[PDB]
Structures are given as structure tokens and as C-alpha cells.
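J.: Quick one: the structure is below, and I'll ask about it shortly.
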Amino acid sequence: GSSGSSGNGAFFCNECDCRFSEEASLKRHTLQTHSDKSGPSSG
Ligand SMILES: [Zn+2]
């Protein structure tokens, strides 16, 4: 798919499977859901 598409919604989490209408909405999820320090972070 190339630039130009009816209706926004082209942001899907890379780590997990999800969708977000806005970019800001996704970014947050990525952090909250997948905190920068979660994997090696025992807790
Ligand atoms: Zn995610």
C-alpha cells in the first residue's frame, strides 16, 4: 500500500497485534503495554 487511502488507520503494533486510528494512540500503547524496560525487567 502506498500513500493515499480512504479513512485513517494505518498503524499496527509491531510487538503485538493491534490497531489504532491515530499515531499518538498507538505510541502510548507500545509504551504502556510494552514498556521500554519490561523484558529483562523482572517485575
Ligand atoms: Zn502492543
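Residue numbering restarts at 1 for every chain of the C-alpha cells, chains are lettered A, B, ... in their displayed order, and ligands are numbered from 1 as they appear.
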Find the residues around residue 30 (chain A) up to 10 Å (only C-alpha atoms counted), leave out those fewer than 4 positions away in its own chain, and share them as a list in words.
T.: residues 12, 13, 14, 15, 16, 25, 26, 34, 35 and 36 of chain A
J.: So that I have them on file, write out the residues from the current selection with C-alpha atoms, as a CSV table (one decimal), in the first residue's frame.
T.:
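New file result_24.csv:
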chain,number,residue,atom,x,y,z
A,12,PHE,CA,-0.3,-1.6,13.9
A,13,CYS,CA,1.8,-2.5,16.9
A,14,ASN,CA,5.0,-4.3,15.8
A,15,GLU,CA,5.5,-6.2,19.0
A,16,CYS,CA,1.8,-7.4,19.3
A,25,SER,CA,-2.8,6.5,20.4
A,26,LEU,CA,-0.5,3.7,19.2
A,34,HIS,CA,5.3,-2.8,26.1
A,35,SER,CA,7.4,-0.7,28.5
A,36,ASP,CA,10.9,0.0,27.2
J.: Let me make sure I understand: among A:33, A:42, A:5, A:21, which one has the smallest atom-to-atom distance to ligand 1 if we use only C-alpha atoms and all ligand atoms?
T.: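 Looking at the shortest contact to ligand 1, the residue is A:33.
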J.: Would you please work out which residue, of A:41, A:1, A:6, A:11, is nearest to residue 29 (chain A) when using only C-alpha atoms?
T.: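 The shortest atom-to-atom distance to residue 29 (chain A) comes from A:11.
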J.: Name the residues of chain A that come out as helix (DSSP H, G or I) in a backbone DSSP run; write them as an mmCIF file with C-alpha atoms, in the first residue's frame.
T.:
data_model
loop_
_atom_site.group_PDB
_atom_site.id
_atom_site.type_symbol
_atom_site.label_atom_id
_atom_site.label_comp_id
_atom_site.auth_asym_id
_atom_site.auth_seq_id
_atom_site.Cartn_x
_atom_site.Cartn_y
_atom_site.Cartn_z
ATOM 1 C CA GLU A 23 -0.494 7.733 15.748
ATOM 2 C CA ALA A 24 -0.364 9.158 19.271
ATOM 3 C CA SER A 25 -2.788 6.472 20.445
ATOM 4 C CA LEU A 26 -0.526 3.662 19.240
ATOM 5 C CA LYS A 27 2.761 5.080 20.524
ATOM 6 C CA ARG A 28 1.234 5.128 24.008
ATOM 7 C CA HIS A 29 0.064 1.512 23.839
ATOM 8 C CA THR A 30 3.546 0.439 22.746
ATOM 9 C CA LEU A 31 4.994 2.064 25.864
ATOM 10 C CA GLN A 32 2.290 1.259 28.415
ATOM 11 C CA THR A 33 1.694 -2.246 27.065
#
